[PDB]
Structure formats: structure tokens, C-alpha cells
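One chain follows as C-alpha cells, the form deposited in one PDB entry.
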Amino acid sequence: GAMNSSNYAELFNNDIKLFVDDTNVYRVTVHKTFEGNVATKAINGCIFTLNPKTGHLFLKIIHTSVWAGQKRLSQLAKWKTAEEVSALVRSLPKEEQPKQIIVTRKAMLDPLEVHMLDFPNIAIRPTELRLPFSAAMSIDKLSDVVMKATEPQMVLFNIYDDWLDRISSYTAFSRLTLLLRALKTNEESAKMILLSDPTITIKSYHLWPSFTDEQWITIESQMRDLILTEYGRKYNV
């Protein structure tokens, strides 16, 4: 049914699964109109569809034109997400299709279940984990490709860079969620941590810096300290 800390290792078994996060699909800025009313201006968004075992992130970019002339966009956005995920699944060969799709927000269950009625064997599930996938847009290369897009577009990213050569998917997912939790809690400091040292760079074909094992431990410790720091500033501890 739902996903939580008791069955956390299931993410890393050999059943193909995808997380789908729709939190950056419909994005707006809110501004005042000359008449002193408020209006929104949409900006480009993305569906964050991730295989947690492999690190494959199917980043479907949502260009603002998709909203033109449409009403009830927050509701449409969930159905548009479900349509795109369903289109993605259909585009994959059968043996690459997920056996489960885990939505990060429960409002995606019905839209996705309806779009996937053709796939009665694919389980659509919620999760009780608080995953920080909304911070995907704090990753510069992903942010850049979303904001530059002039049309709908699907871009493939490996969100783990080369980490699986050296660590397990369990550890790689744990690192990713720590990095994203940090970026979600204090984006500036998180990025300061990640790029302070100019001698460690991000390869052209990567999203994150080329940290050795020892440097990753330090980075990971600094990110924990940041999350702890913000939790303190937040709650005054």
C-alpha cells in the first residue's frame, strides 16, 4: 500500500520502480497588477520521475505554454503529470516498465491510477516518507535546462553521477536525500558547502562535484550540521 520506514529497503530491490514528484510542475510568481490587484505569471516547470535503484531521472520539462487558456491549473497540473508519466511508461520497452510508481503527494494517486488503467499490474502507491524532491530545482544544471526550455522537452539525468561505481543504491539514495533536504532547508549554505573548494569541480557530464570518498563524508557531515543548524535557528534550540 503506502511506503514508509519499515519497508525502506524495498526501494533498492530488483523490482523496477519510479518515484514521481509533481511539486515543480506548475510554478508561478505572484505579482501586483497596475490596478493593484494580484496576478500570477507561470514559469517553466518539470516532473521529477526517478528510479531510486539506478539514479535515472526522467526530467519532463513543463513549458508554460501548456497552461495557456486553461483553468484550475493546480488541478490540471496533477492530471498533466499523470498523463506524462503514463506516456513515459508506454514509451519504455515492457521489461523497463516499472512494477510500481510511488507518488510523493497523495493527490497524485487518483490522477495517476486513472491514467494507468491500461496497466492494472503497475501498483500506484503513496509514501509516508518526506522526500525533498521539490529541491530538484536547486540543482543548477536541472534548473538551467528547465528555465531555458522554449518547448516541452524530456531530459535524461543520472542524479547519482558515477556514485554507484563506489557505493550501493541505498547509500546513494541516502546521500541524494540528504543533499536535497539541505538544499531545501538553506539553499545558499548548501551550495556554499558543495562548491566552497574551487579545486573540486563538477564534471561536464555530472550534477554534483567529484568528491572522493573522504570528501563525501565531510560534505555529508557538513550537510547534517546545516540541517541541524537550520532546525536550531528555526525552533530556537
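Sequential numbering from 1, following the sequence displayed.
The same protein has a further form, the form solved in complex with a small molecule, not shown here; the description that follows concerns it.
May I ask you to state whether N51 is within 4.5 Å of the small molecule in the deposited bound form, using heavy atom distances?
Taking the distances in the deposited bound form, the answer for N51 is yes, it comes within 4.5 Å of the small molecule.
Does any heavy atom of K32 come within 4.5 Å of a heavy atom of the small molecule in the deposited bound form?
Contact check for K32: no, nothing within 4.5 Å of the small molecule in the deposited bound form.
At the 4.5 Å heavy atom threshold, is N13 in contact with the small molecule in the deposited bound form?
Contact with the small molecule, yes.
Can you check whether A123 is within 4.5 Å of the small molecule in the deposited bound form, heavy atom basis?
Although the small molecule is absent here, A123 would stay clear of it in the deposited bound form, with no heavy atoms inside 4.5 Å.
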